Structures are given as C-alpha cells and as structure tokens.
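Participant: Please find one structure pasted underneath; my questions will follow.
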2 protein chains.
Amino acid sequence: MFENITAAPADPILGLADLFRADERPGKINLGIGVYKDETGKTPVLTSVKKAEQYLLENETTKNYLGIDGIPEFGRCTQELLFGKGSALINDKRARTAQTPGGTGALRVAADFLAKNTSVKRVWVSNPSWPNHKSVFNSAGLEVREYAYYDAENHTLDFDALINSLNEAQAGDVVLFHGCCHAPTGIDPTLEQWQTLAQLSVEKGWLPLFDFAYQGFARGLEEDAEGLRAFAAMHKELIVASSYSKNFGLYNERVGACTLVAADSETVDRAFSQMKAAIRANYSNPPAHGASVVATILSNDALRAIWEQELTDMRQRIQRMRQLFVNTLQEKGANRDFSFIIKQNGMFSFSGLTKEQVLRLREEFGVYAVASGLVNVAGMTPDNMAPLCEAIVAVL
Amino acid sequence: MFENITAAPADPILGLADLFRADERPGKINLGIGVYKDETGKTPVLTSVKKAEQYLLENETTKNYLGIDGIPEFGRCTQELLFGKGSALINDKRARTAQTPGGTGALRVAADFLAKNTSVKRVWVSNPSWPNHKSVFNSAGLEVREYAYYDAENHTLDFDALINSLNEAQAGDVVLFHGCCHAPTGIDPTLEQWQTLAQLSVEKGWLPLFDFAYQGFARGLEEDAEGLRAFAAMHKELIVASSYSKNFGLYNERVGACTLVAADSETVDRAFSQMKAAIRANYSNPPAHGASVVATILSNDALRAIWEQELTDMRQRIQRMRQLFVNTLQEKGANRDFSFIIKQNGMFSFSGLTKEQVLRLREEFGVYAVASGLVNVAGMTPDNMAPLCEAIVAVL
Ligand SMILES: *Cc1c(COP(=O)(O)O)cnc(C)c1O
Ligand SMILES: *Cc1c(COP(=O)(O)O)cnc(C)c1O
C-alpha cells in the first residue's frame with residue numbers, strides 16, 4: 001500500500017529548529033521555540049518535580065494499569081485548580097476528569113467523544129489559534145470554522161468582529177476558547193468581556209470547549225481561571241482540556257486532563273462512560289509518571305508551595321523580558337510602538353515584523369523567528385537582548 | 001448535548017474486578033486478571049526498572065518534548081529485538097519506529113494512518129482475539145472481519161479452517177497476527193505454519209499487521225520473533241505494533257512502538273511522515289518515562305542481563321503453574337484431559353468450563369473467572385492451587 005503515499009509537510013517550529021542547529025553563526029538567537037527557557041537558555045526540570053520523582057521512586061510498588069480515567073487524586077486536584085476550591089460544580093458532582101496524554105490528548109478524546117456521541121459537526125476556533133487545533137478536530141471528522149479575534153493593524157482583541165463572526169455559529173456548535181494567554185497573540189478577554197461572552201453563549205446554545213494550557217502564566221492560578229469560571233457559573237455543560245506541560249515543565253511526560261461538566265451527576269456519569277469508551281479505543285489508559293508527579297505536588301503543602309513560587313518565577317521572567325524588549329528597542333531607536341508587547345500575556349506575541357523582515361533577520365543576523373513575525377519572549381535573556389534589538393532596528 | 005447520551009458497557013475484567021473486591025469471602029481467587037502476578041499475588045516493579053529509574057532521576061536535565069516518534073535509541077532497540085540484531089531490514093533501512101502510548105496506542109496510530117493514507121477498508125482478526133481490537137479499528141472506521149483460529153472442542157489451532165476463512169480476504173486487506181502467546185487461546189502457529197502463512201500472504205496481497213505484546217513469554221526473545229521474521233523475510237511491507245507492558249512490567253507507563261516496514265528507505269520515510277502527522281493529530285508526541293527506562297535497560301549490558309533473567313523467571317513461573325494446574329486436577333480426580341493447558345503459551349487459556357460452571361465457581365466457591373472459561377494462569381500460586389482445583393472438581 002505505501003508506494004504512492006505523499007509526504008506530509010513539516011510543522012514550522014520543527015523546520016526552524018533544523019535550520020537553526022545547522023546555522024554555523026555563534027550569536028544566533030532562536031525565538032521560534034514554543035517552550036519556556038530560563039535566563040540561561042535551558043528548559044530545566046523543576047526542583048518540585050525532582051523531589052516528587054524521588055518520592056515516587058522510593059514509594060512505588062507496582063506499575064499496574066491505572067483506570068481509564070487515571071488517578072483519582074489527579075482528577076481532584078485539576079478540578080479544584082480549574083473551578084475553585086469550594087465550587088458548586090465540585091459539590092454537586094457535575095464534573096468528571098479523565099487524565100490524558102497532554103493537552104493535545106485531551107482535545108482529541110473530546111473530539112472523538114463529541115463526533116461519536118452527539119450531534120456536533122462544527123467547532124469554531126479563533127483566527128489565529130494554536131496551529132494543531134484544526135488537525136485534531138479534522139481527524140475526528142468535526143469541521144473547523146474560524147471567528148475573528150485579533151486586530152492585526154491595532155494589535156488588539158477586535159471584540160465586535162468576534163461577536164459578529166460568532167453569530168453565524170448556530171445552536172449545537174462547539175466554540176473553543178483559550179482560557180488565558182491566548183496562543184499565539186497573547187491577547188485575552190477582559191473579565192467583563194468573558195461575562196458577556198458567557199451570557200451570549202448560553203443564549204445561542206454554543207457548547208464551550210476551553211483549552212487551558214497556560215494557567216498561572218498571565219496573573220496567577222486563580223486569576224487565570226476567572227473567565228472559565230464565568231462560563232461554568234452559567235453553563236449546564238462544558239468541556240475543558242487542560243495541560244500541565246508548561247506550568248509544571250513536564251512537556252515530555254504528557255500530562256493533561258479532559259473535564260466534562262453536565263447538568264447533574266447522573267448525566268455526567270452517563271456521558272463520561274462514553275468518554276471512557278473513546279479513551280479505551282485510543283490508548284487504553286493514561287501514562288502514570290507525569291500525572292503522579294502533579295498529584296503528589298498539588299496534594300502536599302510543602303511541595304505545592306515550592307511549585308507555586310517556581311511558577312511565579314517563570315511568569316515574572318516573561319514579564320520582565322517583555323518590558324526589557326520594549327525598552328531596549330526604544331533605547332536603540334526606531335519607530336517603535338512596541339508598547340503592545342507589555343499588554344500581552346504569556347510567552348507569545350506577533351512582533352509586527354513582515355515575513356521578508358524575518359527572512360533577512362535570519363539570513364543577515366541569525367535571529368530566527370516564525371515567518372508570521374511570531375516571537376517567543378522566553379528566548380530573550382538580558383544577555384541576548386541588545387544583539388536582538390540591534391538586529392530588529394537594522395531591518396525596520 | 002449530553003442529555004440522552006446512552007451509557008457505554010463495562011468491559012468484562014473491570015466488572016469482574018468490582019465483583020471480586022466486593023466479595024466478602026477470604027479464600028477467593030481471581031483468575032480473570034489480565035496482568036502478571038508473582039507467587040505472592042503481586043505485580044511488582046522489576047529490579048532492572050527501579051535501577052533504570054534511579055539513573056534517570058540522577059541524569060535527566062530537561063523534560064522538553066521528545067520528537068513525534070520518540071527517542072531514537074528506543075527505536076534502535078525495538079527494531080533489533082523485533083528483527084534480529086544484524087537484519088537486512090535494519091541495514092537497508094526499510095523500517096521506521098514510532099514510540100507510542102502502549103501497544104493499544106500503536107494499534108490506533110496504525111489504524112489512523114491506514115484509514116487516511118491508503119485504501120484499506122477491512123482488517124481481519126482471529127476468532128477469538130484480544131477484545132479491544134475491534135473498537136480500535138472501528139474508531140478509525142476500518143471494518144473488522146474474523147478468520148477462524150481456535151478449535152473449541154479439540155483445544156487447537158484449526159489451520160485448515162484458518163486458511164480457508166482467509167481466502168475470502170482480498171488483496172489490499174490487512175490481516176492481523178498475534179506474534180506469540182495468542183490472546184486469548186495461547187495457541188500459536190508452528191514455524192512451518194508461519195512460513196506457509198507468510199507465503200500465502202505475499203501471494204494474495206495481504207498487508208500483515210503483527211500485534212506483539214508478549215515477546216519473551218513463550219520460549220525466549222528470539223524464538224518468539226521467529227514467525228514475524230518469517231514474514232519480514234518475504235514481505236515488502238508490514239506493520240508491527242509492540243508493547244512493553246508485560247515483558248517489562250511497565251503497564252501504566254504506556255510504552256509501545258509502531259514499526260512500519262516498506263520496500264526501501266525512500267518509501268518508508270514518505271509513509272512514516274504521514275504516520276507522524278497521525279500522531280501529531282492524536283497526542284502530539286509520546287510519554288518519555290517508560291520508554292526511557294526501556295532504552296537504558298536494553299542499551300546497557302549489566303541492566304539488560306538482569307532484565308532477561310527477570311523475564312525468564314516470569315516465563316518459568318507461568319510454565320510451572322500450567323504444569324501444576326494439570327497435575328493437581330489429575331490428582332484431585334475427575335475426567336480431565338486438561339493436558340492441552342501444558343501445550344498453550346502465555347498467561348491465558350480457555351479452561352473448557354461452561355458459563356454456568358464458572359457462575360457456580362464464583363457463587364459457591366469464590367473462584368472468579370471470565371464467563372467464557374478464560375483463565376489467567378498467573379493468578380494461580382502453589383498456595384491457592386489445591387483450593388482452586390477442588391472447586392473445579394466439584395462443578396465438573
Ligand atoms: C501547549 C498547548 C497545548 C498542548 O499541550 P500538550 O500538553 O503539550 O500537548 C494545547 N493548546 C494550547 C493553546 C497550547 O499552547
Ligand atoms: C496487552 C495487549 C495489548 C495492549 O498493550 P498495552 O501496552 O497494555 O496497551 C495489545 N494486544 C495484545 C494481544 C495484548 O495482550
């Protein structure tokens with residue numbers, strides 16, 4: 001069967017990474033990275049997870065299969081993180097969490113459950129969005145449509161265009177929202193905008209699916225959950241796909257969760273059984289190690305205190321690199337109003353550079369960025385900031 | 001959307017497990033377990049993996065994402081295990097391995113790749129087979145058909161019925177073969193039968209998909225690969241889905257692999273790119289920990305020597321429990337010819353018990369078995385053997 005199979009393309013970041021390692025120049029900077037890096041250009045394993053891992057090694061007596069939905073405590077812990085510690089959704093037991101292989105894994109079991117157990121045909125995604133979204137929904141045969149979001153020339157959330165695009169969505173469509181640190185723009189709705197979106201959502205009958213991969217990177221753990229909780233307060237049903245890859249630095253251990261909320265415990269158990277059938281037909285039951293680390297940190301006060309502090313250190317490093325970028329550019333002098341960088345949250349932002357400007361940034365300076373001018377702020381350090389900003393001033 | 005979603009059923013083993021833990025009787029025996037247990041009724045973590053895990057904890061500096069296909073050394077190591085250390089398929093680089101979440105994960109990415117990149121509509125599965133097979137192929141929309149395999153009244157491989165069922169398969173269909181320790185019968189083709197199957201396979205144009213979950217449990221690592229290598233010697237293309245859950249006791253770490261073989265390196269790279277697109281749209285990239293443990297054991301002589309010995313200890317425990325079962329039954333006296341138990345390989349066999357006999361075995365004695373009379377030999381110990389066999393003699 002494989003003699004005229006056509007080749008699949010290479011995803012942008014992969015391609016850039018190759019071109020970067022093959023770049024003989026020494027002062028090269030890779031801003032198209034997709035992962036967090038600290039002030040020394042490394043993605044370390046957190047001290048809290050090394051300690052949780054030491055512990056698991058001394059206490060694990062079996063590697064026997066976890067249940068389809070993973071470890072119960074992991075479920076407890078992401079529900080409290082997501083919905084707040086004394087939430088009505090938790091006390092009325094309207095929610096069920098399945099441990100998945102990362103946030104992508106969570107999005108695919110949601111897509112498979114939806115495609116086979118309900119009537120969704122369409123999923124609405126922001127323009128732009130995190131790239132892999134369309135492939136995940138399309139593999140499940142659920143059609144993807146885009147709503148407007150980003151105002152290119154103004155570097156802002158075009159809320160009017162947003163609510164006006166979404167009026168073409170009809171009752172029974174899924175609308176996907178990024179919970180905080182919108183990938184790739186870094187522009188998030190304000191809390192009032194989240195509440196008018198929540199109200200509009202119930203009124204037109206949308207099924208909200210939240211992709212929550214950056215909790216803790218915009219303001220803090222509870223602050224970042226504000227919009228999701230504005231929705232959960234008004235919706236009988238919702239799905240939230242969360243990831244622990246970035247806030248726990250556990251990228252390759254594949255730890256995420258898919259949480260189903262329904263009107264009552266009875267209907268969420270019935271729906272959840274079909275979500276478990278979907279997992280059973282995909283990877284059977286989930287990888288214990290990364291989720292086990294997350295569950296022992298979150299349930300222990302000492303370990304969780306260390307983790308929270310390590311996460312604010314990440315958040316604050318990103319926040320001073322956004323500051324430093326604007327300042328060193330303004331100091332190196334050109335016609336900047338890169339001020340919008342300061343108002344965006346998370347590791348990503350569109351710089352406003354044109355694709356031929358990023359092309360001579362690679363060719364002439366060795367600064368590597370995605371052709372759309374997307375830049376990962378975590379690739380900037382105090383040491384590479386002045387070479388970076390000089391290169392940007394030279395191509396402007 | 002979830003208000004009239006119907007409930008999914010509960011998979012047999014799960015149901016039996018519940019009924020077993022809720023059984024107040026103390027001398028209860030659960031033979032419907034699906035996992036290996038040692039002479040003390042436990043599924044321990046192997047000493048070789050504890051040592052590999054100690055090592056990973058002291059040497060890992062990052063949890064950054066693995067490539068879509070996982071860690072390269074893991075790929076090296078399963079290809080040599082599968083095809084033999086100096087294989088032509090390895091030197092001509094006709095094979096590509098993707099690290100997957102367990103053997104089930106490997107079967108689903110194969111199904112997704114096949115469904116979307118080639119013309120298979122059908123997958124042939126043995127009657128009977130490991131239950132989850134049909135759900136995996138059906139989730140990918142690939143129709144499943146059954147070929148005859150087991151001779152119920154004779155407790156044997158009905159080879160004639162097998163080749164005669166498979167003549168209804170046409171060129172371009174997938175035929176799934178269990179590499180060794182056929183689940184659930186424990187009946188395997190002889191090497192000559194594997195070679196006539198291999199010859200028939202090329203002649204009618206079947207695409208062979210091997211499910212290899214028990215390498216090392218029938219005779220030894222190389223012996224068990226004999227049939228797959230009989231096929232690989234004659235086929236231009238084949239897919240093998242392997243699991244390390246049972247032979248490394250790494251069930252919940254989800255470590256398996258999907259290996260693609262094509263006629264030349266050029267066509268396997270092109271086909272493999274589309275298999276990577278399939279993984280990218282499912283869980284993105286694979287869980288590092290279990291695969292990392294497997295790669296450091298298999299590449300280190302000292303650790304691999306300890307592992308091989310731990311695996312033969314498992315294989316031999318199962319082999320003396322089959323012996324002991326037949327002997328204690330023959331000693332407890334009824335009209336046994338349970339001799340076929342000795343000739344079956346792996347942890348599973350059909351006992352020949354009727355469903356009402358297994359029903360009074362639970363009700364009256366607390367011996368728990370799957371309603372089809374399937375029994376897991378690893379649930380027998382020298383200590384529970386005489387209570388078990390007495391109960392079986394009483395219901396015969
Ligand atoms: C990182 C990310 C994911 C994927 O999470 P993984 O755990 O890495 O698979 C999903 N959605 C968004 C917006 C993300 O940034
Ligand atoms: C155990 C098994 C699998 C599944 O392997 P996992 O790694 O547990 O998902 C697949 N096929 C057969 C025949 C098996 O026995």
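Letters A, B, ... mark the chains of the structure tokens in the order given; residue numbers begin at 1 per chain; ligand numbers begin at 1, in order shown.
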Within 6 Å of residue 94 in chain B, counting only C-alpha atoms, which residues show up once you throw out same-chain ones fewer than 4 positions away? Write them as a list in words, please.
Facilitator: residues 89, 261, 262, 264 and 265 of chain B
Participant: Could you list, as a PyMOL selection string, every residue within 6 Å of range 228-242 of chain A, counting only C-alpha atoms and ignoring same-chain residues fewer than 2 positions away?
Facilitator: chain A and resi 103+106-107+195+198+208-213+225-226+256-263
Participant: Go through the chains and note each residue within 9 Å of ligand 2, using only C-alpha atoms and all ligand atoms, then give the set as a ChimeraX atom specification.
Facilitator: /A:65,283-285 /B:34-35,100-107,129-133,178-184,211-214,241-246,250-256
Participant: Could you give me, as JSON lines, every chain B residue with an atom at most 7 Å from chain A, plus its closest atom pair and distance in Å to one decimal, counting only C-alpha atoms, rows ordered by chain then number?
Facilitator:
{"residue": "B:1", "atom": "CA", "partner": "A:118", "partner_atom": "CA", "distance": 6.1}
{"residue": "B:2", "atom": "CA", "partner": "A:271", "partner_atom": "CA", "distance": 6.1}
{"residue": "B:3", "atom": "CA", "partner": "A:267", "partner_atom": "CA", "distance": 6.2}
{"residue": "B:5", "atom": "CA", "partner": "A:271", "partner_atom": "CA", "distance": 5.9}
{"residue": "B:6", "atom": "CA", "partner": "A:270", "partner_atom": "CA", "distance": 6.4}
{"residue": "B:7", "atom": "CA", "partner": "A:270", "partner_atom": "CA", "distance": 4.9}
{"residue": "B:8", "atom": "CA", "partner": "A:274", "partner_atom": "CA", "distance": 5.2}
{"residue": "B:43", "atom": "CA", "partner": "A:62", "partner_atom": "CA", "distance": 5.8}
{"residue": "B:44", "atom": "CA", "partner": "A:62", "partner_atom": "CA", "distance": 4.7}
{"residue": "B:45", "atom": "CA", "partner": "A:62", "partner_atom": "CA", "distance": 5.0}
{"residue": "B:61", "atom": "CA", "partner": "A:44", "partner_atom": "CA", "distance": 5.9}
{"residue": "B:62", "atom": "CA", "partner": "A:44", "partner_atom": "CA", "distance": 4.7}
{"residue": "B:63", "atom": "CA", "partner": "A:252", "partner_atom": "CA", "distance": 5.4}
{"residue": "B:64", "atom": "CA", "partner": "A:251", "partner_atom": "CA", "distance": 5.3}
{"residue": "B:65", "atom": "CA", "partner": "A:252", "partner_atom": "CA", "distance": 4.3}
{"residue": "B:66", "atom": "CA", "partner": "A:252", "partner_atom": "CA", "distance": 5.9}
{"residue": "B:101", "atom": "CA", "partner": "A:283", "partner_atom": "CA", "distance": 6.0}
{"residue": "B:102", "atom": "CA", "partner": "A:283", "partner_atom": "CA", "distance": 6.8}
{"residue": "B:104", "atom": "CA", "partner": "A:283", "partner_atom": "CA", "distance": 5.2}
{"residue": "B:105", "atom": "CA", "partner": "A:283", "partner_atom": "CA", "distance": 4.2}
{"residue": "B:108", "atom": "CA", "partner": "A:282", "partner_atom": "CA", "distance": 5.8}
{"residue": "B:117", "atom": "CA", "partner": "A:5", "partner_atom": "CA", "distance": 6.6}
{"residue": "B:118", "atom": "CA", "partner": "A:1", "partner_atom": "CA", "distance": 6.1}
{"residue": "B:132", "atom": "CA", "partner": "A:281", "partner_atom": "CA", "distance": 6.9}
{"residue": "B:135", "atom": "CA", "partner": "A:281", "partner_atom": "CA", "distance": 5.3}
{"residue": "B:136", "atom": "CA", "partner": "A:281", "partner_atom": "CA", "distance": 4.6}
{"residue": "B:139", "atom": "CA", "partner": "A:281", "partner_atom": "CA", "distance": 6.7}
{"residue": "B:249", "atom": "CA", "partner": "A:63", "partner_atom": "CA", "distance": 6.5}
{"residue": "B:250", "atom": "CA", "partner": "A:63", "partner_atom": "CA", "distance": 5.4}
{"residue": "B:251", "atom": "CA", "partner": "A:65", "partner_atom": "CA", "distance": 5.2}
{"residue": "B:252", "atom": "CA", "partner": "A:65", "partner_atom": "CA", "distance": 4.3}
{"residue": "B:253", "atom": "CA", "partner": "A:287", "partner_atom": "CA", "distance": 4.6}
{"residue": "B:254", "atom": "CA", "partner": "A:287", "partner_atom": "CA", "distance": 5.4}
{"residue": "B:267", "atom": "CA", "partner": "A:3", "partner_atom": "CA", "distance": 6.2}
{"residue": "B:270", "atom": "CA", "partner": "A:7", "partner_atom": "CA", "distance": 4.9}
{"residue": "B:271", "atom": "CA", "partner": "A:5", "partner_atom": "CA", "distance": 5.9}
{"residue": "B:273", "atom": "CA", "partner": "A:8", "partner_atom": "CA", "distance": 5.3}
{"residue": "B:274", "atom": "CA", "partner": "A:8", "partner_atom": "CA", "distance": 5.2}
{"residue": "B:277", "atom": "CA", "partner": "A:8", "partner_atom": "CA", "distance": 6.7}
{"residue": "B:281", "atom": "CA", "partner": "A:136", "partner_atom": "CA", "distance": 4.6}
{"residue": "B:282", "atom": "CA", "partner": "A:108", "partner_atom": "CA", "distance": 5.8}
{"residue": "B:283", "atom": "CA", "partner": "A:105", "partner_atom": "CA", "distance": 4.2}
{"residue": "B:284", "atom": "CA", "partner": "A:104", "partner_atom": "CA", "distance": 6.2}
{"residue": "B:286", "atom": "CA", "partner": "A:252", "partner_atom": "CA", "distance": 6.9}
{"residue": "B:287", "atom": "CA", "partner": "A:253", "partner_atom": "CA", "distance": 4.6}
{"residue": "B:288", "atom": "CA", "partner": "A:253", "partner_atom": "CA", "distance": 5.5}
{"residue": "B:289", "atom": "CA", "partner": "A:253", "partner_atom": "CA", "distance": 6.7}
Participant: Go ahead and save the picked residues with C-alpha atoms, as an mmCIF file, in the first residue's frame.
Facilitator:
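Generated file (again.cif):
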data_model
loop_
_atom_site.group_PDB
_atom_site.id
_atom_site.type_symbol
_atom_site.label_atom_id
_atom_site.label_comp_id
_atom_site.auth_asym_id
_atom_site.auth_seq_id
_atom_site.Cartn_x
_atom_site.Cartn_y
_atom_site.Cartn_z
ATOM 1 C CA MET B 1 -25.697 17.885 24.092
ATOM 2 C CA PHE B 2 -25.389 15.101 26.741
ATOM 3 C CA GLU B 3 -28.984 14.646 28.000
ATOM 4 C CA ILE B 5 -26.331 10.006 25.666
ATOM 5 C CA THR B 6 -26.604 6.301 26.367
ATOM 6 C CA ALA B 7 -24.260 4.553 28.776
ATOM 7 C CA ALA B 8 -21.279 2.608 27.473
ATOM 8 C CA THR B 43 2.607 -7.249 40.206
ATOM 9 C CA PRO B 44 5.962 -5.774 41.354
ATOM 10 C CA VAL B 45 8.082 -3.229 39.544
ATOM 11 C CA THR B 61 18.245 17.734 32.964
ATOM 12 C CA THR B 62 15.084 18.604 30.995
ATOM 13 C CA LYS B 63 11.567 17.345 30.389
ATOM 14 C CA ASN B 64 11.469 19.002 26.962
ATOM 15 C CA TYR B 65 9.293 17.366 24.294
ATOM 16 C CA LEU B 66 10.507 14.289 22.532
ATOM 17 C CA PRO B 101 1.476 5.053 24.418
ATOM 18 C CA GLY B 102 1.477 1.282 24.859
ATOM 19 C CA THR B 104 -3.004 -0.125 22.115
ATOM 20 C CA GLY B 105 -1.662 3.276 21.170
ATOM 21 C CA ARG B 108 -4.612 3.071 16.921
ATOM 22 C CA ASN B 117 -3.392 7.262 3.730
ATOM 23 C CA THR B 118 -4.185 4.062 1.913
ATOM 24 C CA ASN B 132 -10.227 -4.253 22.346
ATOM 25 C CA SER B 135 -13.011 -0.972 18.943
ATOM 26 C CA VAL B 136 -9.625 0.352 17.842
ATOM 27 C CA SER B 139 -12.905 4.012 15.794
ATOM 28 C CA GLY B 249 6.103 -4.885 33.907
ATOM 29 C CA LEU B 250 5.596 -1.265 32.797
ATOM 30 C CA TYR B 251 1.801 -1.426 32.279
ATOM 31 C CA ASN B 252 0.871 2.070 33.436
ATOM 32 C CA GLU B 253 3.810 3.908 31.803
ATOM 33 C CA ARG B 254 2.409 3.247 28.337
ATOM 34 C CA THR B 267 9.110 4.896 0.560
ATOM 35 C CA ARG B 270 7.420 9.124 2.957
ATOM 36 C CA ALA B 271 4.918 6.782 4.574
ATOM 37 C CA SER B 273 5.862 11.253 7.587
ATOM 38 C CA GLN B 274 2.126 10.605 7.288
ATOM 39 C CA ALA B 277 1.003 13.529 11.035
ATOM 40 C CA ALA B 281 -3.240 14.968 15.480
ATOM 41 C CA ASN B 282 -3.739 12.460 18.357
ATOM 42 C CA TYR B 283 -1.430 13.008 21.379
ATOM 43 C CA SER B 284 1.336 15.096 19.723
ATOM 44 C CA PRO B 286 4.988 10.300 23.323
ATOM 45 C CA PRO B 287 5.479 9.881 27.158
ATOM 46 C CA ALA B 288 9.182 9.752 27.896
ATOM 47 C CA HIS B 289 9.480 7.891 31.229
#
Participant: Find the residues around range 295-305 of chain A up to 6 Å (only C-alpha atoms counted), leave out those fewer than 2 positions away in its own chain, and share them as a list in words.
Facilitator: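 Contacts, in chain order: residues 48, 74, 292, 293, 307 and 308 of chain A.
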Participant: Could you write out the selected residues, including C-alpha atoms, as a short mmCIF file (atom, residue, chain, number, x, y, z; two decimals), in the first residue's frame?
Facilitator:
data_model
loop_
_atom_site.label_atom_id
_atom_site.label_comp_id
_atom_site.auth_asym_id
_atom_site.auth_seq_id
_atom_site.Cartn_x
_atom_site.Cartn_y
_atom_site.Cartn_z
CA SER A 48 9.47 20.44 42.97
CA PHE A 74 -5.08 13.91 39.94
CA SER A 292 1.69 11.10 39.52
CA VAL A 293 4.26 13.86 39.95
CA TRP A 307 5.98 24.78 42.91
CA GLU A 308 3.84 27.96 43.11
#
Participant: CA of residue 218 in chain B and CA of residue 341 in chain B are how many Å apart?
Facilitator: 13.2 Å
Participant: Set the distance at 8 Å and use only C-alpha atoms: which residues neighbour residue 369 in chain A once local chain neighbours fewer than 5 positions away are removed? I'd like the list as a ChimeraX atom specification.
Facilitator: /A:16,30-32,358,362,374-375
Participant: Using only C-alpha atoms, which residues sit within 9 Å of residue 41 in chain A once same-chain residues fewer than 5 positions away are excluded, as a ChimeraX atom specification?
Facilitator: /A:36,378-381
Participant: Output as a VMD selection string all residues of range 84-272 of chain B that backbone DSSP marks as strand (DSSP E or B).
Facilitator: chain B and resid 95 to 100 122 to 127 143 to 148 150 to 151 156 to 157 174 to 178 207 to 212 238 to 243 256 to 261
Participant: What is the distance, in Å and to one decimal place, between atom 9 (O, counted along the ligand's line) of ligand 1 and CA of residue 69 in chain B?
Facilitator: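 Between atom 9 (O, counted along the ligand's line) of ligand 1 and CA of residue 69 in chain B the gap is 14.4 Å.
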